[PDB]
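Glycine gets a Cβ as well: all are built from the backbone with ideal geometry, and neighbour counts include every protein chain shown. What follows draws every value from the coordinates through simple rules; no lab data is involved.
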Amino acid sequence: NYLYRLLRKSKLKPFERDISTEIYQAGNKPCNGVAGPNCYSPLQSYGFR
Amino acid sequence: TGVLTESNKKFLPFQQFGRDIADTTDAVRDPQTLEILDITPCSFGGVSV
Amino acid sequence: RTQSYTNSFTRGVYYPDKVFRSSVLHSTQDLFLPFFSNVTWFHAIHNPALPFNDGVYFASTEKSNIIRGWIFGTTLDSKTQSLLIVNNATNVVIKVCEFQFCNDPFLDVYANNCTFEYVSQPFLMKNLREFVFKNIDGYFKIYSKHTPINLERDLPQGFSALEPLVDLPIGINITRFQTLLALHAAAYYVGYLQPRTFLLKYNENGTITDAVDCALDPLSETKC
Ligand SMILES: *[C@@H]1O[C@H](CO)[C@@H](O)[C@H](O)[C@H]1NC(C)=O
Ligand SMILES: *[C@@H]1O[C@H](CO)[C@@H](O)[C@H](O)[C@H]1NC(C)=O
Ligand SMILES: *[C@@H]1O[C@H](CO)[C@@H](O)[C@H](O)[C@H]1NC(C)=O
C-alpha cells in the first residue's frame, strides 16, 4: 500500500507534489498508454516485510 | 531592552515592524491593541575621571 | 484576438517585504518587471493559452468592470485543482476548485473537491488596476494597486508601488493562465517578471516613490 516514484522527466521543485501517473517513455517509440517494451510505470511498491 | 513611546509613524496595514540602517528594530506593532510603539535604548554614555 | 505592443514605462514595482522603512535608499533583489520593457496589449472581441514565465504582471484600463477573475494552472480542463476567482459586486470568493469550463469564458448577467474559500472586500471598485502574480517555493503571492489615470491613452508615466493583498499557502505547476469575460470589449496588458536588481527609494512617510533598474543602461549601473 506504500508506493514511490522511480523516475521523472526532470527534477522536483521544493514542496512540490506530483499526483498524475503517466507511463514514462525513454525512447523514440511512443508508449501509447501500454507498458510494453521501453515503457515502465513509475510507481512501484516498497514491499515491507 | 528599551523605552517604549507612542508614535506618529504611518504604518501601512500589512506592516508590523520597522527597521533602521543597521537592521535593528526601531518600531513594533503591539499584537493585542493595533498600536505603533517606537523602541529607543535607555540612557548611556562614557565616564571620565 | 488582436495583439499590440506598448512600452511598459517604468511601471510595476511592488513592496518586497512587510517591513516599514522610511527616508532610506534600499537595494533589493526579487522578480521585478524591468523598466521600459515590451509588454503585449490584447484586445478581446473574439483564444490559446498564455505562458506563465516566472511570474506575470497584469494591468487593465477598463472603466465598465468587464474583466473579472483569472484561472491558473497547466491543463485548465478539470483533472487538477487549478484556481478560480470571481469578482462581482458581491464578495470576491477565490477557489482552487476546477470547473471543466468552456474555452470562451463569458459571464451571464441574465465543483469537485475544494481547498480554499476566502471572502474579502471587493477588489474592483480612470481606474487602472495593476496585478502581479508569482510562484516561488510552492507559494502564490498576489500584489495589487489602483491608480487614478487621468489621460487614458496608454500605460502612464510615474510611480505607483504595489501592495500585497492575498498570500495563498499552496500552488503547484503553474505554467499557463487565462482570463474571464462578462457579457450582457476587454483590453489588458501582460508583462513578464524577471530576476532583476532594484534600488528602491523610500520617502519620510514610508512610501516607495522612485526606483532604479540596475541593468538597464550604464548610467543606472553607476547609480546603483
Ligand atoms: C484580543 O484583544 C483585543 C483588544 O481588546 C480584542 O479586540 C480582541 O477581540 C481580543 N481577542 C479575543 C479572541 O478575544
Ligand atoms: C516589442 O516586440 C515586437 C515583436 O516583433 C516588436 O515588433 C516591437 O517593436 C517591440 N517593441 C519595442 C522594441 O518597443
Ligand atoms: C507625508 O504625508 C503627509 C500627510 O498627508 C503629507 O502632508 C506630507 O507631505 C507627506 N510627506 C511627503 C510627501 O514627503
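Observations, loosely collected:
- Peptide C:13-21 has a mean shielding of 4, counted as Cβ atoms of other protein chains within 10 Å of each residue's Cβ.
- Rg/Rg_globular for the protein assembly as shown, with Rg_globular taken as 2.2 N^0.38 Å and Rg from C-alpha atoms: 1.24
- For residue C:145, neighbours were defined as the other residues whose beta-carbon sits under 9 Å from its Cβ, and their charges (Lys and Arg +1, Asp and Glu -1) total -1.
- Computed from label points 7 Å out along Cα-Cβ, the spacing between residue A:48 and residue A:3 is 1.7 nm.
- With a simple spin-label model that places each label point 7 Å from the Cα along the Cα-to-Cβ direction, the separation between residue C:47 and residue B:42 comes to 6.6 nm.
- Rounded Å value of the spacing that divides the Cα centres of the stretch C:8-47 and the stretch B:1-45: 29
- Orientation-averaged projection of chain C equals 13.2 nm² [convex hull of Cα atoms, one quarter of hull surface area].
- Highest average packing first - C:10-16, A:20-26, C:39-45, C:141-147, Cβ atoms within 10 Å: C:10-16, C:141-147, C:39-45, A:20-26
- A simple count of charges around residue C:209, restricted to other residues whose Cβ falls under 13 Å of its Cβ and scoring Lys, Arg +1 and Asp, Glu -1, yields 0.
- Per residue, the convex hull spanned by the Cα atoms of the stretch C:109-191 amounts to 175 cubic angstrom.
- At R0 = 35 Å, FRET efficiency that the Cβ-Cβ distance of residue A:28 and residue C:80 yields, to 0.05: 0.75
- The charge dipole of the stretch C:1-128, taken about its Cα centre with unit charges on the Cβ of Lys, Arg, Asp and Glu (plus for the first two, minus for the last two), comes to roughly 380 debye.
- Here the dipole of chain A is about 160 debye; that uses its Cα centre as origin and unit charges on the Cβ of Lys and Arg (positive) and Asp and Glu (negative).
- Paramagnetic reach from residue C:220 (point 7 Å along Cα→Cβ, amide N under 13 Å) across the stretch C:159-196: C:194-196
- Here the dipole of the stretch C:35-192 is about 180 debye; that uses its Cα centre as origin and unit charges on the Cβ of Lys and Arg (positive) and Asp and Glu (negative).
- Largest-first principal axis extents of the Cα set of chain B (Å): 50, 22, 17
- When the chymotrypsin sites (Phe, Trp or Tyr not before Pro) in chain B are filtered for DSSP coil states and for at most 16 other beta-carbon atoms within 10 Å of their beta-carbon, the remaining sites are B:14, B:44.
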